[PDB]
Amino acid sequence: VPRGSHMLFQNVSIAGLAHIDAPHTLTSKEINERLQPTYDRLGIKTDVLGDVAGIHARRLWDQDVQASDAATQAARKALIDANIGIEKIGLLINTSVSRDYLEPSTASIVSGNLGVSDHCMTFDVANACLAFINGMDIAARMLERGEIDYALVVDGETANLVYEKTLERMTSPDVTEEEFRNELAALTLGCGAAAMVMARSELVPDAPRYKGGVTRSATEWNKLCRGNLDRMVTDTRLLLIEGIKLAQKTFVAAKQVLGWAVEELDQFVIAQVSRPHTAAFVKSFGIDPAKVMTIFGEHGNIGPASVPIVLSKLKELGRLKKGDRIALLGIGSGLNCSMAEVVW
């Protein structure tokens, strides 16, 4: 029975991939020592970072590293992984939450640093922790159509400022319990970067394939998590509850469009917000936890870079074999939920 493609991408591959770990460790122990007076004044007796959120450390850059610098570093590594020169790139998309300026795009700055050709189209996409996927899909539409041969999708995240200013606010003798709770999730963020080189499959015939997938939304919840360059306020309770409801709806769509059944997928690459969000997601869907690599423990929540960083760490661990079906998924502020498939 002749079936249609379900609008999945055809002849689009992942030519290269890389991640950068930020160099400075900040432990939750050290954070907790700074917060201890406030914890005592608020009556907080559990370790809300290490024990409740499940974060033991995160990584930070130096204060002068901008999002563009981190993205560039990752892009140069991905080009080496793809064994291609910058001249072959026709499209460069920056997906980070962090951004050097309102104008010009962070993509232009990355592009200028790498020395892209004058044929290279560049722009930024922003969509909280799902944006890397969105950039992949935008590049995949161009590649599938044959307008370009190779595309870079890049993401550098800098959380230094938010940590500095949140820890100041959260150690004020007058911070309120409500304000403290509202800002706490900012101390689960981390720094890092990732980049991916995408290609027409005819150019890279043994490379992994990207199929695309599905998106659903619940934009009546767009107030749940709000952030600027120095502050993020997050209703983590409704993020979890509404996020999982959204995900259940997007998984029904994934069964229809991608044919998914959880038990047939080999790895689930999840944008991870915290350990209880992750456990909840896995239990709700019956996912086998041995298929879910976590880096949140030691790196925290790297935003839209989380997914490609985890995919890059899987690659480097030798955990991915030819033919493995890899689910990329996440719930991002908005709310949005995206689920897509890579076949290694």
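Throughout, we count residues from 1 along the sequence that is shown.
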item	value
Which of 266-274 and 182-190 has higher mean CA B factor, as the PDB entry lists it	266-274
Between the two ranges 95-103 and 147-155, the one averaging a larger CA B factor in the entry	95-103
Of the residues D137, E242, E220, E202, the one carrying the largest Cα B-factor as recorded	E202
Residue of maximum C-alpha B factor among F132, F123, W260, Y210, per deposited coordinates	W260
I309, C-alpha B-factor rank within chain (lowest, middle or highest third)	lowest
CA B-factor placement of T234, once the chain's modelled residues are sorted into thirds	middle
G112 - Cα temperature factor, lowest/middle/highest third of chain	middle
Cα B factor band for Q73 (lowest, middle or highest third within the chain)	middle
Third of the chain's Cα B-factor distribution that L320 belongs to, per the entry	highest
